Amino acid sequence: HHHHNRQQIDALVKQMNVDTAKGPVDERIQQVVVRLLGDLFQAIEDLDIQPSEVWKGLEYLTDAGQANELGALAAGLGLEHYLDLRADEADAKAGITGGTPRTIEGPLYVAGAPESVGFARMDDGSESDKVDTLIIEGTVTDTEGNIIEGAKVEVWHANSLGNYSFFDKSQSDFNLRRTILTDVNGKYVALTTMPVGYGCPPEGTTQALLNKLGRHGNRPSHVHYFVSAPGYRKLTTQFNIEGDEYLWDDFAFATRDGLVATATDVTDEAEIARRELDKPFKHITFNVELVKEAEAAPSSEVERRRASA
C-alpha cells in the first residue's frame, strides 16, 4: 500500500504549498506547515490510512475545537508535559539550576482575579458546610533563601465537586482564583477549601478518545500557581496533595518530586482561635524558590491564549 515515497511526498507538498506562493511569505509558518504536512502524508502511507479514517480524524478535531477541549487533549496525550520536559532540558543546557520545579499550566487559567497583599480568602463560603477548610502558606525566596517582597503569587483550584469557576457558571465569578502579592517578609497566606481531583467531561471529546485508548481521564487534587517578580524567571507550577488515589497516575502526567505537599490536620483549640476559625482545618506549607533572570537564560514565560473576566 505504499503509493508514494518520501521524495515524491516532499515534491507534492512543495508543488501545492510552496510553488504557489506569490509575494511575501511567513518563512517560519511555511517551514512548519511543509514539515507537518509531509509527516502526515508519510504516516498516511505507512499506516495505509483510508479516506474514511482521515475524515473521522478531522471531524473529531472539529468537535474538540467546538467543545473547547483541545487544551485538555494536549494535556491528556502528554504533549503539554512534553513541552516542560523540553524546557527543563533547555534550562539544564543553560546551567540553570535550583528553583521550584515547573509543571503544566492546564487549560483553566483566567486572567483578572482579585489582587491583595500578603493574604487572601479564596472561597465565597458557599461550600462551608460540605468541604474542609484549607490554609496554604509559604515564603517566596531566591535560591540563597533571601526573601522576595511584592512577588505576584497567582493561585487557582477546583471546588468540592472538582469544578473551576468561570467554566462552571454556577460559581461566583473568580471563586477560588486570587492574586496575592508577597508581604515584607516574603510571605503569602491563602484561606481556602480543600480541592478534590476531577475527570474530563464524561460525554466530551477528550474522554471519548481516552476510552478508545483504554485510559482514565482523572487528575489528583492540586492547586495551580503562577509566581513572578521583577528580576526573576516566571514560574508555572502546582502542588499535589499526598494521599490522593491518582497522585502518581495523573492522566496529564504533571506530578513531580518536589511538588507533593502533605496536608497537616490542625485540631488544636488555641491554634484554631488564632486563625479566627471555629473548627479543625487542613494546613499546607508551599514555599517557592525563584531563579534570578540572567542574560543567558531561555525565557520561562509562555504566550498562550487564556480566558479573562
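Residue indices: 1-based, along the sequence shown.
In this entry, the higher average B-factor at the C-alpha atoms falls on 109-117, of the pair 109-117 and 79-87.
Checked against the record, the higher mean CA B factor of 198-206 and 151-159 lies with 198-206. Residue-level inspection of the entry shows that, of 192, 221, 172, 238, 172 has the top Cα B-factor.
Ranking 104, 227, 96, 122 by Cα temperature factor from the entry places 96 first.
Split the chain's modelled residues into thirds by C-alpha temperature factor. Residue 288 is in the middle one. Ranked by C-alpha B-factor against the other modelled residues of its chain, residue 280 falls in the highest third.
In this PDB entry, residue 26 carries a Cα temperature factor that places it within the highest third of its chain's modelled residues. Looking at the C-alpha B-factors along this chain, the one for residue 52 belongs to the middle third. In the deposited entry, the Cα temperature factor of residue 187 places it in the middle third of its chain's modelled residues.
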